[PDB]
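Just one chain is shown here, as structure tokens, and it is the form deposited without the partner chain.
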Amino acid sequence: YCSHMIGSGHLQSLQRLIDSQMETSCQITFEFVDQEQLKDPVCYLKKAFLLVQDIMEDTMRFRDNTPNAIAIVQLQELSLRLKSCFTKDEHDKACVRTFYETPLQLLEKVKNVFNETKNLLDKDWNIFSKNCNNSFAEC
């Protein structure tokens, strides 16, 4: 069931959202995974996915009843069900750093999480049952 939970539709509402944002110098603050501390690809997605949930709630806010706003709602609802595909190991700031980048650099991070997560669930529905207490400990 986890396999095809993330549909192409979610990816396209993300892309549209990414394509709608203005290209400026603007830089914002947000917590996200540190690639240099967390090398393991699978564990990276496990943690990123959780930090994304906060990012969609706290940072990614759009005027109510707009395509992008509703797009975010969808993703959040989807995520609540995706959680069951991820066995808990979290919400502890291990392997985490503060970022200062553009909203576009951010949204790209979020898009890649959903993308890679989708590709890997379609292929190995059981992939995220892996124990990442080891990787999380070595950060």
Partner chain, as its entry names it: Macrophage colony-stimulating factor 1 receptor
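Numbering follows the first chain given and starts at 1.
If you look for the form deposited with the partner chain bound, you will not find it shown, but the lines that follow are about it.
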item	value
Residue among 112, 87, 74, 37 with a heavy atom within 4.5 Å of the partner chain in the deposited complex	74
Partner proximity in the deposited complex: residue 78 to the partner chain, non-hydrogen atom cutoff 4.5 Å	yes
Contact label in the deposited complex: residue 134 to the partner chain, heavy atom within 4.5 Å	no
Contact set, 27-59 vs the partner chain in the deposited complex - heavy atom within 4.5 angstroms	54, 57, 58
